[PDB]
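S.K.: got a structure for you, letters missing:
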């Protein structure tokens, strides 16, 4: 390669493409967000997000999210 340019402009980003990390990140962030906004409440966080106690709970255990509630 005789040429030695950075090719910054020639470089084409690849926005298209779905990954699991994004899902687990957007999902966990949503659950934790709703909970914190609800005051660390699964019931509220669930009804707020749009999931049932079963779904929410499954996400909390899978994402190992924390919450202050007795």
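M.R.: Arrived safely. Numbers count the residues shown, from 1 in each chain.
S.K.: In stretch 62-70, which residues are buried?
M.R.: Neighbour counts using 16 or more other CB atoms under 10 Å place residue 65 of stretch 62-70 among the buried residues. Every C-beta, even on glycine, is put in place using the N, C-alpha and C of the backbone.
S.K.: contacting residues around that stretch?
M.R.: With contacts defined as CB atoms under 8 Å, 6 or more residues apart in numbering, stretch 62-70 is touched by 24, 27-28, 31-32, 35, 40-42, 59-60.
S.K.: Show the buried residues in the residues you listed.
M.R.: Neighbour-count burial (16+ other CB under 10 Å) is assigned, among these, to 28, 31-32, 35, 41-42, 59-60.
S.K.: before we move on, which element is the residue most central in space within the chain in?
M.R.: Ranked by distance to the mean C-alpha position of the chain (CA atoms, centre = their mean), the top residue is residue 26 at 1.9 Å. Element membership for residue 26, per DSSP states H and E: helix 20-38.
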